[PDB]
(Lines of atoms letter the chains of each structure in order from A and count residues from 1; the text may use other names and numbers.)
(Lines give C-alpha, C1' and ligand atoms only; values in the text may rest on other atoms or scores of the structure.)
Protein backbone atom coordinates (compact mmCIF):
# COMPACT_ATOMS: atom_id res chain seq x y z
CA UNK A 1 0.00 0.00 0.00
CA UNK A 2 3.06 2.23 0.17
CA UNK A 3 5.94 3.43 -2.02
CA UNK A 4 9.53 3.75 -0.78
CA UNK A 5 12.15 5.96 -2.44
CA UNK A 6 15.41 4.49 -1.21
CA UNK A 7 18.87 5.82 -1.90
CA UNK A 8 21.66 3.28 -2.36
CA UNK A 9 24.61 5.52 -1.59
CA UNK A 10 27.78 6.77 -3.22
CA UNK A 11 29.85 3.77 -4.31
CA UNK A 12 28.71 0.21 -3.56
CA UNK A 13 25.61 -1.58 -2.29
CA UNK A 14 26.64 -1.34 1.37
CA UNK A 15 26.37 2.47 1.22
CA UNK A 16 22.66 1.93 1.89
CA UNK A 17 21.45 2.82 5.37
CA UNK A 18 20.43 0.09 7.78
CA UNK A 19 16.93 1.59 7.65
CA UNK A 20 16.91 1.22 3.88
CA UNK A 21 18.17 -2.35 3.82
CA UNK A 22 15.58 -3.62 6.28
CA UNK A 23 12.80 -1.88 4.38
CA UNK A 24 13.84 -3.13 0.96
CA UNK A 25 14.30 -6.69 2.28
CA UNK A 26 10.61 -6.72 3.20
CA UNK A 27 9.17 -5.16 0.06
CA UNK A 28 6.95 -6.96 -2.42
CA UNK A 29 8.32 -5.38 -5.60
CA UNK A 30 11.63 -3.63 -6.19
CA UNK A 31 12.34 -1.08 -8.93
CA UNK A 32 15.44 1.08 -9.52
CA UNK A 33 17.15 3.48 -11.94
CA UNK A 34 20.83 4.01 -12.66
CA UNK A 35 20.87 7.00 -14.96
CA UNK A 36 20.95 9.92 -12.52
CA UNK A 37 24.38 8.82 -11.29
CA UNK A 38 27.07 6.15 -11.32
CA UNK A 39 27.82 3.80 -8.42
CA UNK A 40 31.28 2.59 -9.45
CA UNK A 41 31.72 -0.04 -6.77
CA UNK A 42 28.74 -2.32 -7.30
CA UNK A 43 26.60 -4.29 -9.73
CA UNK A 44 22.90 -5.04 -10.03
CA UNK A 45 23.63 -8.53 -8.76
CA UNK A 46 25.29 -7.56 -5.49
CA UNK A 47 22.36 -5.24 -4.88
CA UNK A 48 19.86 -8.03 -5.53
CA UNK A 49 21.98 -10.44 -3.51
CA UNK A 50 22.27 -7.95 -0.64
CA UNK A 51 18.57 -7.11 -0.68
CA UNK A 52 17.34 -10.60 -1.49
CA UNK A 53 15.00 -9.57 -4.28
CA UNK A 54 15.00 -9.26 -8.05
CA UNK A 55 15.17 -5.70 -9.28
CA UNK A 56 13.43 -4.35 -12.35
CA UNK A 57 15.64 -1.53 -13.64
CA UNK A 58 13.71 1.36 -15.18
CA UNK A 59 14.96 3.77 -17.86
CA UNK A 60 14.64 7.55 -17.72
CA UNK A 61 11.73 7.21 -20.10
CA UNK A 62 9.95 4.55 -18.06
CA UNK A 63 10.15 6.96 -15.12
CA UNK A 64 9.59 10.49 -16.45
CA UNK A 65 6.75 9.18 -18.64
CA UNK A 66 5.39 5.99 -17.07
CA UNK A 67 6.23 5.91 -13.36
CA UNK A 68 2.51 6.14 -12.55
CA UNK A 69 1.86 3.36 -15.06
CA UNK A 70 4.69 0.98 -14.26
CA UNK A 71 5.23 1.36 -10.51
CA UNK A 72 2.36 3.22 -8.84
CA UNK A 73 -0.40 0.72 -9.73
CA UNK A 74 1.55 -2.01 -7.93
CA UNK A 75 2.06 0.07 -4.79
CA UNK A 76 -1.72 0.31 -4.62
CA UNK A 77 -1.97 -3.25 -3.33
CA UNK A 78 1.64 -3.94 -2.29
CA UNK A 79 4.68 -2.40 -0.62
CA UNK A 80 6.96 -1.28 -3.45
CA UNK A 81 10.45 0.17 -3.50
CA UNK A 82 12.28 2.37 -6.02
CA UNK A 83 16.07 2.39 -5.59
CA UNK A 84 18.37 5.19 -6.75
CA UNK A 85 22.07 6.16 -6.42
CA UNK A 86 23.15 8.58 -3.68
CA UNK A 87 20.17 10.28 -2.05
CA UNK A 88 17.03 9.87 -4.20
CA UNK A 89 15.98 13.53 -4.06
CA UNK A 90 19.33 15.27 -4.55
CA UNK A 91 20.00 16.70 -8.01
CA UNK A 92 17.13 14.84 -9.69
CA UNK A 93 13.49 15.37 -10.43
CA UNK A 94 12.33 12.35 -8.42
CA UNK A 95 10.74 14.69 -5.83
CA UNK A 96 7.98 15.35 -8.37
CA UNK A 97 7.32 11.61 -8.44
CA UNK A 98 5.95 11.97 -4.91
CA UNK A 99 3.16 14.22 -6.19
CA UNK A 100 2.32 11.47 -8.64
CA UNK A 101 2.10 9.05 -5.74
CA UNK A 102 -0.24 11.41 -3.90
CA UNK A 103 -2.45 11.91 -6.95
CA UNK A 104 -2.51 8.14 -7.33
CA UNK A 105 -3.62 7.72 -3.71
CA UNK A 106 -0.27 6.15 -2.75
CA UNK A 107 1.53 7.15 0.46
CA UNK A 108 5.27 7.53 -0.08
CA UNK A 109 8.38 7.64 2.07
CA UNK A 110 11.95 8.65 1.37
CA UNK A 111 14.85 6.70 2.83
CA UNK A 112 17.93 8.91 2.52
CA UNK A 113 21.46 7.78 1.84
CA UNK A 114 24.88 9.41 1.70
CA UNK A 115 24.88 11.98 -1.11
CA UNK A 116 27.70 13.47 -3.15
CA UNK A 117 26.31 16.86 -2.12
CA UNK A 118 27.56 16.43 1.46
CA UNK A 119 30.35 13.93 0.77
CA UNK A 120 32.43 16.78 -0.66
CA UNK A 121 33.15 17.67 2.97
CA UNK A 122 36.04 15.24 2.66
CA UNK A 123 37.73 17.87 0.48
CA UNK A 124 38.34 19.93 3.61
CA UNK A 125 36.14 22.70 2.21
CA UNK A 126 33.53 24.15 4.60
CA UNK A 127 30.13 22.87 3.48
CA UNK A 128 28.36 26.03 4.72
CA UNK A 129 30.53 28.06 2.35
CA UNK A 130 29.16 26.44 -0.81
CA UNK A 131 26.96 28.74 -2.85
CA UNK A 132 24.63 27.91 -5.74
CA UNK A 133 25.38 24.60 -7.47
CA UNK A 134 25.45 23.71 -11.19
CA UNK A 135 26.06 21.03 -13.84
CA UNK A 136 28.70 21.06 -16.59
CA UNK A 137 26.61 19.60 -19.42
CA UNK A 138 27.95 17.88 -22.58
CA UNK A 139 27.35 20.13 -25.58
CA UNK A 140 24.71 18.68 -27.91
CA UNK A 141 24.98 19.41 -31.61
CA UNK A 142 25.23 23.16 -32.06
CA UNK A 143 23.74 23.78 -28.61
CA UNK A 144 26.47 24.75 -26.13
CA UNK A 145 25.32 25.20 -22.48
CA UNK A 146 27.16 27.94 -20.59
CA UNK A 147 25.14 29.03 -17.53
CA UNK A 148 27.18 26.85 -15.19
CA UNK A 149 29.93 29.37 -15.93
CA UNK A 150 27.90 32.29 -14.53
CA UNK A 151 27.19 30.37 -11.34
CA UNK A 152 30.90 30.05 -10.63
CA UNK A 153 31.28 33.78 -11.21
CA UNK A 154 28.35 34.80 -9.00
CA UNK A 155 29.54 32.55 -6.14
CA UNK A 156 33.18 33.59 -6.34
CA UNK A 157 32.31 37.28 -5.98
CA UNK A 158 30.58 36.41 -2.72
CA UNK A 159 33.54 34.23 -1.73
CA UNK A 160 31.35 31.10 -1.97
CA UNK A 161 32.52 27.76 -3.38
CA UNK A 162 30.82 26.25 -6.40
CA UNK A 163 29.92 22.59 -6.66
CA UNK A 164 29.79 21.39 -10.25
CA UNK A 165 27.91 18.17 -10.90
CA UNK A 166 29.38 16.55 -14.04
CA UNK A 167 27.10 15.33 -16.86
CA UNK A 168 26.03 11.76 -17.50
CA UNK A 169 24.61 9.81 -20.45
CA UNK A 170 23.93 6.41 -18.85
CA UNK A 171 22.54 4.81 -22.03
CA UNK A 172 25.57 5.94 -24.02
CA UNK A 173 27.62 4.93 -20.95
CA UNK A 174 29.22 8.41 -21.04
CA UNK A 175 30.57 9.81 -17.77
CA UNK A 176 32.08 13.28 -17.83
CA UNK A 177 35.50 13.54 -16.24
CA UNK A 178 36.93 16.48 -14.33
CA UNK A 179 39.27 16.97 -17.29
CA UNK A 180 36.54 17.25 -19.93
CA UNK A 181 34.69 19.61 -17.57
CA UNK A 182 37.79 21.74 -17.12
CA UNK A 183 38.13 21.66 -20.91
CA UNK A 184 34.59 22.92 -21.48
CA UNK A 185 35.05 25.59 -18.84
CA UNK A 186 38.21 26.90 -20.55
CA UNK A 187 36.37 27.14 -23.88
CA UNK A 188 33.48 29.01 -22.25
CA UNK A 189 36.03 31.45 -20.89
CA UNK A 190 37.15 32.28 -24.43
CA UNK A 191 33.68 33.20 -25.65
CA UNK A 192 32.95 35.34 -22.55
CA UNK A 193 36.35 36.34 -21.18
CA UNK A 194 35.16 37.23 -17.69
CA UNK A 195 38.43 36.19 -16.08
CA UNK A 196 36.49 33.52 -14.21
CA UNK A 197 38.10 30.23 -15.26
CA UNK A 198 41.69 30.02 -16.55
CA UNK A 199 44.85 27.92 -16.41
CA UNK A 200 45.68 29.60 -13.09
CA UNK A 201 42.32 29.02 -11.40
CA UNK A 202 42.35 26.66 -8.43
CA UNK A 203 40.12 23.60 -8.70
CA UNK A 204 39.34 20.58 -6.57
CA UNK A 205 38.46 17.17 -7.90
CA UNK A 206 36.67 14.41 -6.05
CA UNK A 207 36.31 11.03 -7.73
CA UNK A 208 34.53 7.95 -6.49
CA UNK A 209 33.50 9.32 -3.10
CA UNK A 210 32.27 6.47 -0.97
CA UNK A 211 35.09 4.15 -1.96
CA UNK A 212 37.84 3.67 0.61
CA UNK A 213 40.48 4.94 -1.80
CA UNK A 214 38.84 7.93 -3.53
CA UNK A 215 40.75 10.50 -5.54
CA UNK A 216 40.96 13.84 -3.77
CA UNK A 217 42.99 16.44 -5.61
CA UNK A 218 43.37 20.20 -5.67
CA UNK A 219 45.53 22.49 -7.77
CA UNK A 220 45.69 24.78 -10.77
CA UNK A 221 43.80 23.98 -13.96
CA UNK A 222 46.99 24.04 -16.00
CA UNK A 223 48.48 21.25 -13.85
CA UNK A 224 45.33 19.17 -13.39
CA UNK A 225 43.55 19.30 -16.75
CA UNK A 226 45.65 16.44 -18.13
CA UNK A 227 45.85 14.49 -14.87
CA UNK A 228 44.37 11.02 -14.34
CA UNK A 229 41.83 10.90 -11.50
CA UNK A 230 40.80 7.30 -12.15
CA UNK A 231 37.41 6.00 -13.28
CA UNK A 232 34.15 7.96 -12.89
CA UNK A 233 32.04 9.35 -11.31
CA UNK A 234 33.80 12.71 -11.03
CA UNK A 235 32.83 15.99 -9.47
CA UNK A 236 34.47 19.38 -9.91
CA UNK A 237 34.72 22.15 -7.32
CA UNK A 238 35.85 25.71 -7.99
CA UNK A 239 36.51 27.07 -4.46
CA UNK A 240 36.06 30.69 -3.48
CA UNK A 241 38.56 32.61 -1.34
CA UNK A 242 39.95 29.99 1.06
CA UNK A 243 40.15 29.91 4.84
CA UNK A 244 43.59 29.01 6.21
CA UNK A 245 42.26 25.71 7.57
CA UNK A 246 40.69 24.82 4.20
CA UNK A 247 44.01 25.53 2.49
CA UNK A 248 45.96 23.61 5.14
CA UNK A 249 43.70 20.65 4.38
CA UNK A 250 43.84 20.92 0.59
CA UNK A 251 47.64 20.88 0.82
CA UNK A 252 48.03 18.28 3.54
CA UNK A 253 45.37 15.98 2.08
CA UNK A 254 44.66 16.82 -1.56
CA UNK A 255 48.28 17.47 -2.51
CA UNK A 256 47.67 21.08 -3.47
CA UNK A 257 50.64 23.42 -4.16
CA UNK A 258 51.93 24.82 -0.85
CA UNK A 259 51.63 28.30 -2.36
CA UNK A 260 47.85 28.35 -1.83
CA UNK A 261 48.62 28.43 1.89
CA UNK A 262 49.64 32.08 1.54
CA UNK A 263 46.09 33.40 1.23
CA UNK A 264 45.44 36.97 0.05
CA UNK A 265 43.03 38.15 2.76
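Residue numbers count along the first chain shown, from 1.
Look at the mean CA B-factor for 202-210 and for 225-233 in the entry; the higher one is 225-233.
Comparing 124-132 with 176-184, the stretch with the higher mean C-alpha B-factor in the PDB entry is 176-184. If you compare the C-alpha temperature factors of 87, 150, 77, 96 in the entry, 77 comes out highest. Highest CA B-factor among 38, 238, 50, 216, as stated in the entry: 50. For residue 20, the recorded CA B-factor ranks within the middle third of the chain. Only modelled residues enter the ranking. Split the chain's modelled residues into thirds by C-alpha temperature factor. Residue 137 is in the middle one. Residue-level temperature factors show residue 257 in the highest third of its chain, judged at the C-alpha atom. Residue-level temperature factors show residue 73 in the highest third of its chain, judged at the C-alpha atom. Sort the chain's modelled residues by C-alpha temperature factor and residue 114 lands in the lowest third, per the entry.
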